[PDB]
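Read from first to last, the chains carry the letters A, B, C, D, E and F; within each, the first residue is number 1.
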Amino acid sequence: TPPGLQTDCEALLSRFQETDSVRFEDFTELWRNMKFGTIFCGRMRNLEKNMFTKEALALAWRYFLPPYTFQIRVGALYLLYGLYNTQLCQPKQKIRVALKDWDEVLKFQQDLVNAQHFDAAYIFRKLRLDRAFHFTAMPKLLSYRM
Amino acid sequence: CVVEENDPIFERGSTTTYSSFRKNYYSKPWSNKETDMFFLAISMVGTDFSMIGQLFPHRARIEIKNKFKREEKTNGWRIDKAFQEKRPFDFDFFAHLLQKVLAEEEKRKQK
Amino acid sequence: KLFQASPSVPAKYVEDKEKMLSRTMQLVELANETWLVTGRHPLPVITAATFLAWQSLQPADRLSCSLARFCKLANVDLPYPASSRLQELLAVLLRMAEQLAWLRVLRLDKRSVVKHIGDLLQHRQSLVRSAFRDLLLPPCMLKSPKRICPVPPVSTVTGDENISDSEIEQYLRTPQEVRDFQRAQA
Amino acid sequence: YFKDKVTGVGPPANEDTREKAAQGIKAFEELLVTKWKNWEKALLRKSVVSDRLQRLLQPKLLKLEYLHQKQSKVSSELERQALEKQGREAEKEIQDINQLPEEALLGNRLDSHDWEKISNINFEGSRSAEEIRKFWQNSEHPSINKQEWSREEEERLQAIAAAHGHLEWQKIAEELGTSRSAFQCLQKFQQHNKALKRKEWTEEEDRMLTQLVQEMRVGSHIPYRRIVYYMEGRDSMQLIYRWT
Amino acid sequence: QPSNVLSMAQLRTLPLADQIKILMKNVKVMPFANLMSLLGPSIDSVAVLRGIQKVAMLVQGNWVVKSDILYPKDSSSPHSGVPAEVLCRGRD
Amino acid sequence: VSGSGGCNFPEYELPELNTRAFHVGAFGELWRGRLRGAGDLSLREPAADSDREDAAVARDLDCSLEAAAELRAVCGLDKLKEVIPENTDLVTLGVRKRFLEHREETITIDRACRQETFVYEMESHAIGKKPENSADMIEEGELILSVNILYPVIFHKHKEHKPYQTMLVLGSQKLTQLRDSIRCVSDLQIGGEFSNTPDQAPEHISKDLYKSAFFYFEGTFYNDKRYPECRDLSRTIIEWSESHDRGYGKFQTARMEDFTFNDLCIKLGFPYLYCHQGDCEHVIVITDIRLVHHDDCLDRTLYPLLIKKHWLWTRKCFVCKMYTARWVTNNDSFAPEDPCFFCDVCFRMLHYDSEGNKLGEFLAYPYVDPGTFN
């Protein structure tokens, strides 16, 4: 796991908690202040940046666990949406979703659509339209050699 | 008929067995302050093994006997020095010292 | 069970019964001529000898093992002092390896001496003669005892009839002591 | 837990393994060659000198024991004195053998030595018999000149190689008089040789290069080692220019 | 639920490399034509050839079992007790 | 016997290390029933589009006919700022500056990824790969399984077994395809002896001489019987399992020509074993499994892809050090050590005269370098 990203995510979680509501307008206002989409271009694009954005998406979707609060869930969902939509590189790195993780998202979207939050449901609609999911049995790969 | 109470154990496959011929009686070791309190108990009561064994709940009678014999064999000078000096029989302060030794050995086991 | 290649033992540990028996007989004869059968139980010495024989039969794949591993593999209860006895025998081997020129140049140790045990058994007579010309005793007495059997002072005197009488006054119990004794175990 | 799923205390073996090991299909379990160490050199030296000393001492020790037994069995005084003189001679022989410097008792490169005894006893089965044999014959031996060249023997070396036809380098090295093994000088010979490189590129080899690229090139990195393996004559240094 | 203990029923339930091996061990002289019929038409000729080249040699057009096949390295002569190596050399 | 015990909801047996066995074939139905996932065709379009978006969203999820959500679009596409990561206080900016500084210290250029282009080109081989015909197009919901094998031992001896390759296979394919797709240098080895005649051409490699190969999936040995020359390798492994009470249950045997990857009830991340050619062993790790996507290869027959072929160091000729060796010597007369290596031009001049007569006594074997498949 990248060490600097484990601190950058906790840093952006402060501004995520700073939001007052779950309407998509707060992320549009934050984009003018906290432009997280700076390193997406950089000075070089290669396997280094590929693994960088892969670990970024992985450790960002990791914060979508059930124990996290609803506002943190909305923040993480919008962050993953923006990161995927800002992938101007050659490969299209889709976020990897586990089978166990695909159970909380159901009731999450149910609560979003029942709360009349049209933007929260349209975000997931656009994510599904872009086909930005890697359905895996486990969220990460690991071996026993170490 | 019991239900899953005992586990199978392999023991004595009927081969050539080593002749142990030894019974190592477990003896609790002696500490420094424990030796000092044993010496003061001897000086206060004498050579009455029964009384010493009664006031030593952490020890045994045979252990006290072996310790007394080893002391008489090795440090007879200290044995005579302790026997010359006398001290009246104490009961309450003796129990307080027993509790202090208990706390000390508990701290030692915690270390 | 080292003689049969049963599935419970790998094939690397299997050996011939006659060769192992001859090696163990030579080693126990070496122990007998070097004062290792007198006083101590025989079975630990026999176990140490057969362990050294099994190790010397293939030090390539058996020197890394130990006596406990060998006893666990053989399904035989190992004697407690046997290892210590083993050490003593190893020491004897060293006292032999220092006499042979190639071995004393090799500068062996307690571990690398088993591989040449056969050589030590080839000319064991001259080796033990040279070792004894430089006996075996328990390590408790081999600490250079400068005072052997100290003579006690001659104090067979008994005075005239009575040396003193205060000893009786010191040995008797006082009424307070008697009351304390009666109260302690009342 | 890496070798096999069934790697317990005693691993089993299949029947087809005999067919695999019988037809000479050794693939990877024999390519585990390692370098040497200083302690290994010292162990090999000690083992070979101990083997030679034991071979020299065993007849003398046996004769001394036989003389001891005979003088313990015989009773005549003249025979006892004769046996005592013979035993004194044998003792002096053993003494002068034990006090012999460690240069003459090393033998030669191809001297008769038991390599299996050195491998299974001294080396503890860590090195094979042939692996220590070949290492003591040419790699570790005092008769091997460890000094490097002076750029004066390669000319006569290639001259003799061209006069003989590059058939047997052993006789070439022996006639050259370098006191070194043939393989030790052949490496520097082929390192100084000019036929190893190539010349101006042709057109037909470009077809093979393009085919090998279109078949096994990966991204921006080209595996030029594969080109060296397939295309003969091209080294790894200046071949990259073929795609630079 | 002799070496020819295995019957034809137990013979057919074996790989061809062992079937031709035991056939050359029991007969020691076998033509290829009749070997095709004994092995069966379902088996290709190339496999039978590559198998018989490992356990037999060609002499005057007929296949004869190899010497080491009949006499294992650990066996000896039942008539004289000499090692099997000399027997294999004599048979060759 | 049907599928072994396992639920399609994999529970971790050890936290983040492994999972319980489960029927991987039922995933393609479970995750496709609990989630539509249809649209694996890359039919994204290069007004009417807004009308379709309204008619879809205002009927599925949205309730208002006003196009108010399009602000998101104008915040996503239009508000995107050829940029330098500076003039902002972020920790990702800090680590990017650290990487750029470490680059400017020693790293001269970007052309140093001689081992990273593998996971790039071998993945680009899976994108934009149009099928051969309409009847060969992969159907939606196809299961794809990744695997990592650990064959060789030429790498680190005093370290773990990290550096080897990774492969990827399809679920609908048969196990015979995965069997024949696994490439191993041991199949290129040649038996016999070659010192008697080095000009003798290879008549039959070990691939055709021995075709026996089986797998291990939770005590299920799948044997192959396509050719009449191969043998059943599981005939002994079962006996050694039933000769003594070792605690191993009865193992079920089956064929390979009639079993698919769907019925493989196995664990992910568990170190399984694949054995072929008598004793050639391969540690196997089933890392990930996933449904088919619109970015994967559309050719079904052409998808036993080795998504990561790890680099391997070719053994150089010990004489010239400028060519790859092909012959391994034994009992040599002039080589410094027994396992020496020689190339063609060197093996010719070593012990062969002009006419090719064998000189001296020696043994030689054809050394097939592992770089052939690498």
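In this text, a contact is a pair of C-beta atoms (placed from the backbone, for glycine too) under 8 Å apart; a residue touches a chain by one contact, two chains touch by 3 or more.
The chain list, named the UniProt way, goes like this: F = snRNA-activating protein complex subunit 3.
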Subunit E and subunit A - chains in contact with each: F
Most distant chain from subunit B, judged by the mean position of its C-alpha atoms: E
Inter-chain centre distance, subunit C versus subunit D - centres from mean C-alpha coordinates, in Å: 45
Distance between chain centroids, defined by C-alpha means - subunit E, subunit F (Å): 42
Between subunit D and subunit A, distance of the C-alpha-averaged centres to the nearest whole Å: 61
Whole-Å gap separating subunit A and subunit C, where each centre is the average of the chain's CA atoms: 72
Shared-contact residues (touching 2 or more other chains) in subunit B: none
Per-residue multi-chain contacts in subunit C, two or more chains: 7
Overlap residues in subunit E, where contacts from two or more other chains coincide: none
Interface residues, subunit D side, partner subunit F - complex: 1-6, 8, 12-17, 19-21, 23-34, 128, 130-131, 134-135, 138-139, 165-170, 181-184, 186-187, 190-191, 196, 217-221, 225-226, 228-229, 232, 235
Subunit D to subunit C touching residues, read off their complex: 9-10, 46, 49-51, 53-54, 57, 61, 64-65, 98, 120-126
Residue numbers on subunit C that touch subunit B, as the complex places them: 41, 43-44, 75-79, 176-177, 180-181, 184-185
Subunit F partner contacts - residues on subunit E that touch it in the complex: 15-17, 42-44, 47, 50-51
Partner subunit C, residues of subunit B touching it in the complex: 13, 15-19, 48, 50-51, 54, 88-89
